Structure formats: C-alpha cells, structure tokens
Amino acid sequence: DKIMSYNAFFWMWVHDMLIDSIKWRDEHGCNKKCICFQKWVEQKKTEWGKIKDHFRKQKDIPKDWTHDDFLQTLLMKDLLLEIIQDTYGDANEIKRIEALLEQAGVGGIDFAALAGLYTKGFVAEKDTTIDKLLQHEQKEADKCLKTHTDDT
C-alpha cells in the first residue's frame, strides 16, 4: 500500500528520525532502556536501507527535463543569496537586502523547493549524514550495553 509520495515521506522520515534520536539522548534499569534503543537503531537502519534501495531503483526514469534544469536555476539563486547572507552583515542588513530583492521581483531563499536534488543525488554518495548518525547511534548503544549490565 502506497499511502503517500516517497518524496514527502522521505523528509518526514528523516525529520522524525532526528527528533527521535534527540529524545533518546534525554532518556539516557539503564539496560532495558538500552536494549530498546538498540532495537530502535536496528529498526531505523533497516528502514533507511530500504529508503536508499527505493531511491536507488527510481533513478532509471529519464523524465521531467525542464524540472531538473529549473532546479539548477533555483540552486544558483539560493546559493548566491545564502552565501552572501551567511558570510556578511547583521540581522538589519540581511533584512534590508531581502527587502531590496523582493522590491526588485526576486523571490527570497527557498531550499525546500530543491528537495528533489537531494533524493535524486544522495544515492550516488558513498556515505550519508543519516548513515553516519546511525553508526554513531549503534556505537552509543554498544557502549551502553557494555557498561550497564542489568539483565540478571
């Protein structure tokens, strides 16, 4: 059953994944908890592998054309504006520049619109932020079960 689009789902899963990870750090009898947390890291590892398999498989489609090019155009505009904003000025300056550009008929920064670039290209990558966090999660789970022995 396909409930929603994989693009919409991907971002939901990634976000949910991150806030769940943060919630686990707060949680950390300190053995039953770490066994539940290991199980969860394993679960997320499995789902993530499937996410990757899915996007890796959906790379054979030729389709869209102008959309891929439109995303490049947006990426250029966003990179220019973002880089300037992140390396120059204070809040007042950043605001005045946004206004200047809006008054000139130039949309402000909008990275969300570039989402397709990530889901299309992360599969060509060797490692990924999520893969890295999952490994870190695993190493966290391991160090916890080694230190905290409660299961009698």
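Just count from 1 along the sequence shown to find any residue number.
According to the entry, the deposited sequence places 10 or more unmodelled residues between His28 and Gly29. Judged by mean Cα B factor in the deposited record, 102 to 110 ranks above the other of 102 to 110 and 46 to 54. With 116 to 124 and 63 to 71 compared on mean CA B-factor from the PDB entry, the stretch scoring higher is 63 to 71. When the C-alpha B factors of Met12, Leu133, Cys144, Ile19 are read from the deposited coordinates, the top value falls at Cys144.
Highest CA B-factor among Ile35, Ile94, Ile83, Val41, as stated in the entry: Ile35.
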